[PDB]
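To start, the structure itself, in structure tokens.
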Amino acid sequence: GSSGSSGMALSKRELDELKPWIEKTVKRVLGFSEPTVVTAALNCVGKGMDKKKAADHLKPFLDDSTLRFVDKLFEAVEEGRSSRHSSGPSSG
């Protein structure tokens, strides 16, 4: 099935794929794209942060475009990544 919210955390490479996936989105969400936001996002998902927490981190970077944004971000992890780590259970 699926997992909850404990603290998955993505690796340098794992997020690397999101970098180009968030840099483009942030532009569609705001229409101009902000550099300070792209990072504030990569960190959130990378730190297993929660919509509640992440938002606060994207507040000063989006504020009006936080909840709406973070929403697509949290769902991006499964969008940009899609699949890769399944065959071989090893949580550490």
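Ordering of the structure tokens sets the chain letters (A, B, ...), residue numbers begin anew at 1 in every chain, and ligands are numbered from 1 in the order given.
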
Closest contacts (segment 33-73 of chain A/segment 3-10 of chain A, max 8 Å, only C-alpha atoms) as CSV:
```
residue,atom,partner,partner_atom,distance
A:45,CA,A:9,CA,7.1
A:46,CA,A:9,CA,4.8
A:47,CA,A:9,CA,5.4
A:48,CA,A:7,CA,4.7
A:49,CA,A:7,CA,7.6
A:50,CA,A:5,CA,7.6
```

**Fill in**
If you count only C-alpha atoms, the residue of A:73, A:52, A:81, A:63 closest to residue 23 of chain A turns out to be A:73

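Atom CA of residue 44 of chain A is found 19.1 Å from atom CA of residue 28 of chain A.
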
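Between residue 39 of chain A and the candidates A:70, A:22, A:62, A:77, the tightest atom-to-atom separation, counting only C-alpha atoms, involves A:22.
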